[PDB]
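Number of protein chains: 4
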Amino acid sequence: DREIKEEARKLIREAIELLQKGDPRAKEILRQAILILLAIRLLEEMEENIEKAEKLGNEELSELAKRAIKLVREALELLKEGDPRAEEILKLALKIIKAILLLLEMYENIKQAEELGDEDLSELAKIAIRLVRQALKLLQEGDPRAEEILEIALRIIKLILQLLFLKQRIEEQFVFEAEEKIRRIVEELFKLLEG
Amino acid sequence: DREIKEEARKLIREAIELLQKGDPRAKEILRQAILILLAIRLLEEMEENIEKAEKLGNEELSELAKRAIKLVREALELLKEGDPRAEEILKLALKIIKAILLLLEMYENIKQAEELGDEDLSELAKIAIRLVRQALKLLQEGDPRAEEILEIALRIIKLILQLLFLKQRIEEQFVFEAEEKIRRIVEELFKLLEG
Amino acid sequence: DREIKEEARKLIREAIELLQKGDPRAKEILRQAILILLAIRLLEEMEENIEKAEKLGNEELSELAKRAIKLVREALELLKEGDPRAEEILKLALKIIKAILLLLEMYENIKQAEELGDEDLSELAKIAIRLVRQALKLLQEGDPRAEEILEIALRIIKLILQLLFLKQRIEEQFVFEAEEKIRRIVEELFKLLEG
Amino acid sequence: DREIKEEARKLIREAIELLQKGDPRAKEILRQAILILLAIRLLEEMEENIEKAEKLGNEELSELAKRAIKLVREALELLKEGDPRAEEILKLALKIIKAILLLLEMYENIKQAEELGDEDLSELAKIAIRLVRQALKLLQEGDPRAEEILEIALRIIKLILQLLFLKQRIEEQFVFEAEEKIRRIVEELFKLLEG
Numbered sequence: 001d002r003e004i005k006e007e008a009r010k011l012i013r014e015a016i017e018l019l020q021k022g023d024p025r026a027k028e029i030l031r032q033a034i035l036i037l038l039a040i041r042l043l044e045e046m047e048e049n050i051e052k053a054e055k056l057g058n059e060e061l062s063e064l065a066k067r068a069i070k071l072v073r074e075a076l077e078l079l080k081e082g083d084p085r086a087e088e089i090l091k092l093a094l095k096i097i098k099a100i101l102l103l104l105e106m107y108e109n110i111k112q113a114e115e116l117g118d119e120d121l122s123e124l125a126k127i128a129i130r131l132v133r134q135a136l137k138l139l140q141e142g143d144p145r146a147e148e149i150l151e152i153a154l155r156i157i158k159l160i161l162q163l164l165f166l167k168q169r170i171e172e180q181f182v183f184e185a186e187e188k189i190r191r192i193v194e195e196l197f198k199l200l201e202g
Numbered sequence: 001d002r003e004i005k006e007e008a009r010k011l012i013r014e015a016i017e018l019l020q021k022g023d024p025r026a027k028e029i030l031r032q033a034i035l036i037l038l039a040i041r042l043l044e045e046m047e048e049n050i051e052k053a054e055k056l057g058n059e060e061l062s063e064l065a066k067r068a069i070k071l072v073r074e075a076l077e078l079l080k081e082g083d084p085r086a087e088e089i090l091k092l093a094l095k096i097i098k099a100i101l102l103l104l105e106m107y108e109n110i111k112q113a114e115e116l117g118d119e120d121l122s123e124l125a126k127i128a129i130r131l132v133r134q135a136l137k138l139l140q141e142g143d144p145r146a147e148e149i150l151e152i153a154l155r156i157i158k159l160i161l162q163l164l165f166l167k168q169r170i171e172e180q181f182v183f184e185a186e187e188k189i190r191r192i193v194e195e196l197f198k199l200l201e202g
Numbered sequence: 001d002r003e004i005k006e007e008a009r010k011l012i013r014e015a016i017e018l019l020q021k022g023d024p025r026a027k028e029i030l031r032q033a034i035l036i037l038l039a040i041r042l043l044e045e046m047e048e049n050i051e052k053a054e055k056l057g058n059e060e061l062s063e064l065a066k067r068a069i070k071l072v073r074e075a076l077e078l079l080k081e082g083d084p085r086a087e088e089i090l091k092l093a094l095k096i097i098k099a100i101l102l103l104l105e106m107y108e109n110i111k112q113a114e115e116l117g118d119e120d121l122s123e124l125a126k127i128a129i130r131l132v133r134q135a136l137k138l139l140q141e142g143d144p145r146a147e148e149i150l151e152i153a154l155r156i157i158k159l160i161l162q163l164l165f166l167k168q169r170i171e172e180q181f182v183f184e185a186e187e188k189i190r191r192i193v194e195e196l197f198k199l200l201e202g
Numbered sequence: 001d002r003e004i005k006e007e008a009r010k011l012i013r014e015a016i017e018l019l020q021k022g023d024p025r026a027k028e029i030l031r032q033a034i035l036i037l038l039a040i041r042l043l044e045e046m047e048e049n050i051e052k053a054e055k056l057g058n059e060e061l062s063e064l065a066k067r068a069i070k071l072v073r074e075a076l077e078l079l080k081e082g083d084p085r086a087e088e089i090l091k092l093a094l095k096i097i098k099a100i101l102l103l104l105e106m107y108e109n110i111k112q113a114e115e116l117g118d119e120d121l122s123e124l125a126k127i128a129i130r131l132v133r134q135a136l137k138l139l140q141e142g143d144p145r146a147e148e149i150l151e152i153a154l155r156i157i158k159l160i161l162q163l164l165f166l167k168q169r170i171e172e180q181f182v183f184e185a186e187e188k189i190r191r192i193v194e195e196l197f198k199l200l201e202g
């Protein structure tokens with residue numbers, strides 16, 4: 001990754017310190033540089049979240065993490081060469097890793113659900129995890145449906161988290184915000200699924 | 001209800017574990033499944049809120065709850081078969097139950113107003129309750145005006161709650184946010200009523 | 001006012017308990033009733049805010065209050081008869097009274113500024129007060145410019161309050184929100200004044 | 001500056017106390033007056049923030065401040081005469097000074113990063129500072145790209161601050184809001200850079 005950080009630093013130097021006197025298009029190079037910086041930070045944190053996953057003891061999430069990591073690094077290596085499709089792939093891969101970290105947070109929360117026995121949330125989260133797996137699989141295959149399924153994965157994950165935070169506040180008007188926002192999430196989810 | 005939860009689980013299974021290899025339209029089935037899950041949770045909480053209502057000793061709200069419950073369950077049984085109108089009816093019924101739970105919260109608050117003697121809010125709330133009754137009645141009749149009246153019911157209920165929270169703040180700039188949001192609600196209410 | 005409250009109650013009764021069996025247009029009457037209720041409450045609070053004004057010892061604000069009160073009551077009496085223009089006039093009068101209460105809050109705050117010697121805010125607030133006076137005068141004349149000037153009055157008042165809250169937080180990132188919202192208010196104010 | 005404040009007071013007097021009887025266009029003069037008031041306050045605070053900068057011991061920021069101050073004062077003197085381009089130039093100059101104060105806040109925060117050794121943020125901030133320098137330079141030259149570069153300067157600065165506040169939260180769901188907001192900032196930044 002450090003090599004990638006150095007490549008990013010070179011990109012930023014060319015984009016600004018050199019390119020200020022040159023083509024205004026250098027905004028492209030600047031974009032690539034900042035993108036690489038965000039990606040590097042994201043992977044840096046995710047590699048510790050992998051230790052989290054292993055101590056959380058779910059192999060599905062660990063595989064998700066590892067495949068996503070390799071996806072991102074492959075995308076970075078391709079971007080080092082070019083292939084504008086690398087832009088789309090890198091954005092998608094970062095969104096995926098975002099979703100996987102969010103998944104680990106969700107899973108740690110769902111420990112609470114298991115303690116409660118909210119089997120409804122359990123099955124729903126199972127579908128969510130498998131959905132993310134399907135999105136990762138499609139992305140590995142390059143199917144444009146990667147985004148289409150991923151967005152539904154995200155929306156189900158946010159809904160689940162919303163219900164978990166509502167449950168915790170129940171354990172504690181302070182519940183009104185959730186009763187509202189869950190409705191926007193629900194209707195956006197329906198809008199995506201229905202058309 | 002549990003049978004309904006099991007039906008929902010079957011729906012999700014067909015929608016994802018099977019349908020991943022098949023028609024992308026499975027988003028429809030997924031939508032139905034998640035919808036059923038939300039509905040089941042909502043009724044589960046509402047059946048306790050019925051005991052709340054009875055201890056609150058208002059028969060109008062109790063009848064509202066019971067008829068809404070039966071509406072929702074009828075809609076679920078229909079959805080088990082099909083009839084795309086089941087989608088509209090189920091959405092409306094859930095919004096209605098939302099409004100009735102909100103009503104119980106409002107009524108418990110309006111206990112404060114009765115202590116104060118805010119007869120203005122009392123009469124206004126009476127109109128709101130009867131409005132909800134009218135919306136439920138129309139929905140029972142299937143008149144498309146169900147949504148039109150229901151939306152006004154909701155907006156009046158939110159306004160009433162806003163004034164109650166303003167009153168509590170008065171018992172307590181911290182009042183500014185209410186002064187703004189009441190204005191937005193008021194002008195949206197007028198926009199609906201006037202056109 | 002109490003007679004007006006009773007008239008409002010009659011309006012709501014005709015609008016709902018009677019009108020449910022009749023013309024769906026009853027939303028108009030419902031709107032009028034809710035409007036009258038809001039106005040009643042607003043004047044009820046403002047009459048005590050007049051005592052506030054007199055203890056604050058500014059005759060300009062006191063005259064503003066008295067003329068606005070008479071405006072609102074005249075509009076109510078007109079509405080009792082009809083003349084759809086009463087709708088516009090009543091809305092404007094309520095917004096004006098809102099602005100005058102806001103002014104009293106602003107003046108009490110500006111006591112702090114006088115203690116500080118923020119003569120800039122002092123002169124700006126002078127312009128704001130005179131602007132409100134001009135809007136009230138035009139409204140008394142029925143000039144359509146009443147709204148056009150009033151909106152600028154409001155926006156200057158909000159800006160002034162924003163600077164006062166910023167000053168207090170200065171006495172106290181917790182200042183970032185003001186740095187943003189002042190910018191939005193400023194650019195909206197410019198958009199209104201410039202076109 | 002005080003002379004400018006007095007000129008602004010004269011502008012407001014002509015715009016309101018005189019102009020109420022005539023040309024509705026006086027909104028222009030009112031706009032100019034309020035604009036001058038904001039500018040004067042801004043410079044008044046920035047001159048102390050210059051002492052901050054010198055105690056912070058960065059000559060780049062000190063030059064930024066001094067050149068921006070002179071820019072603003074030149075623009076004020078021009079606006080005293082006319083040349084509607086003074087409007088654009090003064091708006092840009094104020095946004096620049098805003099960005100420079102924000103920079104000083106960012107730099108004081110980045111003291112934390114230097115303590116941590118977040119060389120990524122360090123290099124990124126270097127690019128941000130040089131970008132602001134470039135925007136100031138172009139503006140001094142009158143190149144219309146002043147705004148185009150400045151906006152990217154601002155967006156990178158906000159992103160950097162967002163990451164610093166996230167880092168502090170890390171030293172402290181409470182992290183969820185940042186994980187959300189950084190995404191909007193990032194995608195807006197990309198939208199600007201990419202088109």
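Protein chains in written order, with the authors' numbering: chain D, 1 to 172, 180 to 202; chain C, 1 to 172, 180 to 202; chain B, 1 to 172, 180 to 202; chain A, 1 to 172, 180 to 202.
Virtual Cβ for every residue (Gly too), placed ideally from N, Cα, C.
For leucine 199(D) and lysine 27(C), what's the separation of their Cα atoms in angstroms?
Against the first sequence, residue 199(D) aligns to sequence position 192. Against the second sequence, residue 27(C) aligns to sequence position 27. Roughly 9 Å between the two C-alpha positions.
In chain D, what lies closer than 7 Å to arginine 31(C) by C-beta?
Here the question's residue 31(C) lines up with position 31 in the second sequence. What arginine 31(C) touches in chain D: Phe197, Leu200 and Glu201.
Could you tell me whether the Cβ of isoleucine 192(B) comes closer than 7 Å to any Cβ of chain A?
Counting from 1 along the third sequence, the entry for residue 192(B) is found at position 185. Closer than 7 Å: no.
Since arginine 155(C) and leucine 196(C) are thought to touch, with beta carbons under 8 Å apart, how far apart are those beta carbons, to the nearest angstrom?
Along the second sequence, one-based indexing puts residue 155(C) at 155. Along the second sequence, one-based indexing puts residue 196(C) at 189. 5 Å between Cβ atoms; contact.
Using a Cβ distance threshold of 8 Å, determine whether the stretch 50-67 of chain A contacts the stretch 76-86 of chain A, with at least three qualifying pairs required.
The answer is no - the stretch 76-86 of chain A does not touch the stretch 50-67 of chain A, with fewer than three Cβ pairs under 8 Å.
Could you tell me which chain C residues have their CB closer than 9 Å to the CB of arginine 130(D), listed as they occur along the chain?
Here residue 130(D) refers to the residue found at position 130 when the first sequence is read from its first residue. By Cβ distance, chain C contributes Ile16, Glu17 and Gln20.
Can you grab the Cα-Cα spacing for the pair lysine 188(C) / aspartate 23(A), in whole Å?
Position 181 of the second sequence, counted from the start, is the residue given in the question as residue 188(C). Position 23 of the fourth sequence, counted from the start, is the residue given in the question as residue 23(A). Roughly 36 Å separates the two Cα atoms.
Leaving aside the five residues before and after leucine 102(A) along the sequence, list all residues of the same chain whose C-beta is less than 7 Å from its C-beta, in chain order.
Taking the fourth sequence and counting its residues from 1, the one referred to as residue 102(A) is at position 102. Cβ within range, chain order: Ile157.
With distance defined between alpha-carbon atoms, name the residue in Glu88(B), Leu92(B), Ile129(B) and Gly202(B) nearest to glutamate 105(B).
Taking the first residue of the third sequence as 1, we reach residue 105(B) at position 105. Answer by Cα proximity: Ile129(B).
Compute the beta-carbon to beta-carbon distance between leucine 94(B) and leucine 42(B), rounded to the nearest angstrom, for a pair I have assumed lies under 8 Å.
For the purposes of this step, residue 94(B) is taken as the residue at position 94 of the third sequence. For the purposes of this step, residue 42(B) is taken as the residue at position 42 of the third sequence. About 6 Å separates the two Cβ atoms, so the contact holds.
I'd like to know whether the C-beta of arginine 9(A) is nearer than 7 Å to at least one C-beta of chain B.
In the fourth sequence, the residue the question calls residue 9(A) occupies position 9. With 7 Å as the cut-off, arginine 9(A) counts as an interface residue toward chain B.
Classify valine 132(C) as buried or exposed, calling it buried when 16 or more other Cβ atoms lie within 10 Å of its own Cβ.
Here residue 132(C) refers to the residue found at position 132 when the second sequence is read from its first residue. The residue in question, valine 132(C), is buried, as its Cβ has 16 or more Cβ neighbours within 10 Å.
May I ask you to report which of helix, strand or coil DSSP gives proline 144(D)?
What you label residue 144(D) is simply residue 144 of the first sequence in a count that begins at 1. Three-state result, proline 144(D): coil.
At what residues does the alpha helix (DSSP H) containing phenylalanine 183(D) begin and finish?
The count along the first sequence starts at 1 and reaches residue 183(D) at position 176. Residues 183-201.
List, from N- to C-terminal side, the beta strand (DSSP E) runs of 3 residues or more that fit wholly inside the stretch 13-80 of chain C.
Here no run is fully enclosed.
Find the nearest neighbour of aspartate 1(D) within the set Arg13(D), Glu44(D) and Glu119(D), judged by alpha-carbon distance.
Position 1 of the first sequence, counted from the first residue, corresponds to residue 1(D). The shortest C-alpha separation from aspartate 1(D) is found at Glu44(D).
Going straight from the alpha carbon of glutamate 63(B) to that of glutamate 147(A), what length do you get?
Mapped onto the third sequence, residue 63(B) falls at position 63. Mapped onto the fourth sequence, residue 147(A) falls at position 147. Using only the alpha carbons, I get a separation of about 47 Å.
If you reduce the DSSP assignment to three classes, tell me which class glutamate 172(B) lands in.
Stepping through the third sequence from its first residue, residue 172(B) is reached at position 172. Reduced to three states, the DSSP call for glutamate 172(B) is coil.
With a 10 Å radius around its C-beta and 16 neighbouring C-beta atoms as the bar for buried, classify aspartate 118(D) as buried or exposed.
Here the question's residue 118(D) lines up with position 118 in the first sequence. So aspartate 118(D) ends up on the buried side.
Taking only beta-carbon positions, decide if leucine 37(A) is within less than 7 Å of chain B.
Here residue 37(A) refers to the residue found at position 37 of the fourth sequence. Cβ-Cβ to chain B under 7 Å: yes for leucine 37(A).
Between the Cα of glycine 202(B) and the Cα atoms of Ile12(A), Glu7(A), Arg25(A) and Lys5(A), which residue gives the shortest distance?
As a first step, residue 202(B) is located in the third sequence; it is residue number 195 there, counting from the start. Nearest option by C-alpha distance: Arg25(A).
Establish whether the CB of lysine 27(A) and some CB of chain B are separated by less than 7 Å.
Counted from its first residue, the fourth sequence places residue 27(A) at position 27. Judged by the 7 Å Cβ criterion, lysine 27(A) is in contact with chain B.
Kindly list, in the order they appear in chain A, the residues whose Cβ is closer than 7 Å to that of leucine 124(B).
Here the question's residue 124(B) lines up with position 124 in the third sequence. Going along chain A in sequence order, the residues near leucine 124(B) (Cβ under 7 Å) are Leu37.
What does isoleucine 156(A) reach in chain B if we use C-beta pairs closer than 7 Å?
Position 156 of the fourth sequence holds residue 156(A). Correct list: empty, because the minimum Cβ distance to chain B is about 17 Å.
So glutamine 180(A) is in the alpha helix (DSSP H); what residue range does that whole segment cover?
In the fourth sequence, residue 180(A) corresponds to position 173, counting from 1. First-last for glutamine 180(A): undefined, no H or E at that position.
Closest by CA to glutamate 60(A), which one among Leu71(A), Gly142(A), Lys126(A) and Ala153(A)?
Numbered from 1 along the fourth sequence, position 60 holds the residue referred to as residue 60(A). The candidate whose alpha carbon is nearest that of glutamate 60(A) is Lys126(A).
Does the beta carbon of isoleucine 96(B) come closer than 7 Å to any beta carbon on chain A?
The sequence position of residue 96(B) within the third sequence is 96, counting from 1. So, not an interface residue.
Which of the three DSSP states, helix, strand or coil, is assigned to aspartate 118(C)?
On the second sequence, residue 118(C) is found 118 positions in, with the first residue counted as 1. Coil at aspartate 118(C), not helix or strand.
Of the residues that make up the stretch 131-145 of chain D, which ones have a beta carbon closer than 8 Å to any beta carbon in chain C?
Within the stretch 131-145 of chain D, the qualifying residues are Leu131, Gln134 and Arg145.
Looking at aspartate 120(B): is its Cβ nearer than 7 Å to the Cβ of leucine 38(A)?
Mapped onto the third sequence, residue 120(B) falls at position 120. Mapped onto the fourth sequence, residue 38(A) falls at position 38. The answer is no: Cβ separation not under 7 Å.
Using a Cβ-Cβ distance cut-off of 7 Å, determine whether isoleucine 12(D) contacts chain A.
Walking along the first sequence from the start, residue 12(D) turns up at place 12. Interface residue, yes.
Going along the chain, which residues of the stretch 72-90 of chain B sit with their C-beta nearer than 7 Å to a C-beta in chain A?
The residues in question: there are none.
For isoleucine 50(D) and chain C, any beta-carbon pair shorter than 7 Å?
Taking the first residue of the first sequence as 1, we reach residue 50(D) at position 50. Answer no: the Cβ-Cβ gap between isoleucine 50(D) and chain C never drops below 7 Å.
Whole angstroms is fine: what's the gap from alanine 33(C)'s alpha carbon to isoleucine 34(B)'s?
Within the second sequence, residue 33(C) is the residue found at index 33, counting from 1. Within the third sequence, residue 34(B) is the residue found at index 34, counting from 1. If you take the alpha carbons of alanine 33(C) and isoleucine 34(B), they lie about 41 Å apart.
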